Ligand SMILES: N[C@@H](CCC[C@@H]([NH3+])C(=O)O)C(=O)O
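Only one chain is shown below, in structure tokens, and it's the form deposited without this ligand.
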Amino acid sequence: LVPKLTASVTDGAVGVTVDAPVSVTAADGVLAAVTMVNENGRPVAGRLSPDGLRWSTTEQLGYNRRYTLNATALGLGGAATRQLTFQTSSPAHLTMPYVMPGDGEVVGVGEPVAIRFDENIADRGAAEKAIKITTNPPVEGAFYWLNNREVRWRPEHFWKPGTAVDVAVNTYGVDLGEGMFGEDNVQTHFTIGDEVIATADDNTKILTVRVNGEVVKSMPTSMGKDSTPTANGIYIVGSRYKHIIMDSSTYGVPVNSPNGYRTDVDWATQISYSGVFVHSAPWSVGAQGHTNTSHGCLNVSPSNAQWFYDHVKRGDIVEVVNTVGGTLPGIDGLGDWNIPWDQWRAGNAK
């Protein structure tokens, strides 16, 4: 019996995806040498196994390349040699993923996994498949798309604190549809911090912060006036500013219109892309606890706003109840938890 050479590609193959290493195997013999070069002749790095039976590329393979594999096998039954040439994927387009939250970070119990792509994803299912979420302790979750470029992942309920989350975005080599392929892989790992949930009740006009179930702060607040009310629902804490200029046009309301505004404020914590912040409002302290007067934000006293900035982190939860507003859109950017689990779990990959 002569040595037999088997590869994970075949001679003449086209559209070989490069999301996987290329391998050669010997049977009834051992591999004497294996090489793989591109058209230019540039070698691809490989590795033979100690027992001489298996060889595998150890380097990333390129898009739009023709590769040539040469292998020799020897055995008691004589020798064997194959030459294979194959052609890899040639994308029409490349898309790059950006993953949040940031790596190593510790975040609140409402933080979703987010993958944003710089281009429109025609085959959402393929993108979902290439994204591998690991959770410790394990918990079940699901993918949902807020728009054509960004997919989110989260459990049915708020994370239990102390949970490790690993996000492996392995889109390199993956067809995301209409000839779009991943430009790269990205990998983030984060931990879930303390449970922090702040409830804003319009009936009482108090924002109450609860850390691991204990009340630790009680803030009189002035929310949005009836003409421009604060939406009820769940808000996820986003970014935090010592000071910031709030510009109504950044959220699609012309500064120059009636509900327009441009305000320089202190100690602001964004809780929706739609432009809701908890921020310091000295100008309404007499209204806080009593009357709604804002364009939508949660007005608090300077010292309470700064307290919020210092003790609330990305991913903590703010819940608004009993306002005259509607509900905060689930596809807001920070309003993911307002979408019913059955609807979220069903996803929208198609």
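From 1 onward, residues are counted along the sequence shown.
As for the form deposited with this ligand bound, it is not shown, yet the points below apply to it.
Colleague: Although the partner isn't part of this model, could you tell me whether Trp307 comes within 4.5 Å of this ligand in the entry with it bound, counting any heavy atom of the residue?
Modeller: Although this ligand is absent here, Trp307 would stay clear of it in the entry with it bound, with no heavy atoms inside 4.5 Å.
Colleague: Looking in the entry with it bound, any heavy atom of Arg154 within 4.5 Å of this ligand?
Modeller: Although this ligand is absent here, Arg154 would stay clear of it in the entry with it bound, with no heavy atoms inside 4.5 Å.
Colleague: Answer yes if any heavy atom of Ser274 is within 4.5 Å of a heavy atom of this ligand in the entry with it bound; otherwise answer no.
Modeller: Taking the distances in the entry with it bound, the answer for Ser274 is yes, it comes within 4.5 Å of this ligand.
Colleague: Please tell me whether any heavy atom belonging to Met246 falls inside 4.5 Å of a heavy atom of this ligand, as the geometry stands in the entry with it bound.
Modeller: Close contact exists here: in the entry with it bound, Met246 approaches this ligand to within 4.5 Å, heavy atoms only.
Colleague: Of the listed stretches (146 to 154, 274 to 282, 196 to 204, 163 to 171), which one has a non-hydrogen atom within 4.5 Å of this ligand in the entry with it bound?
Modeller: Looking at the other structure, the answer is 274 to 282.
Colleague: Would you give me the residues of 300 to 324 that have any heavy atom within 4.5 Å of this ligand in the entry with it bound, in order from first to last?
Modeller: Contacts from 300 to 324: none.
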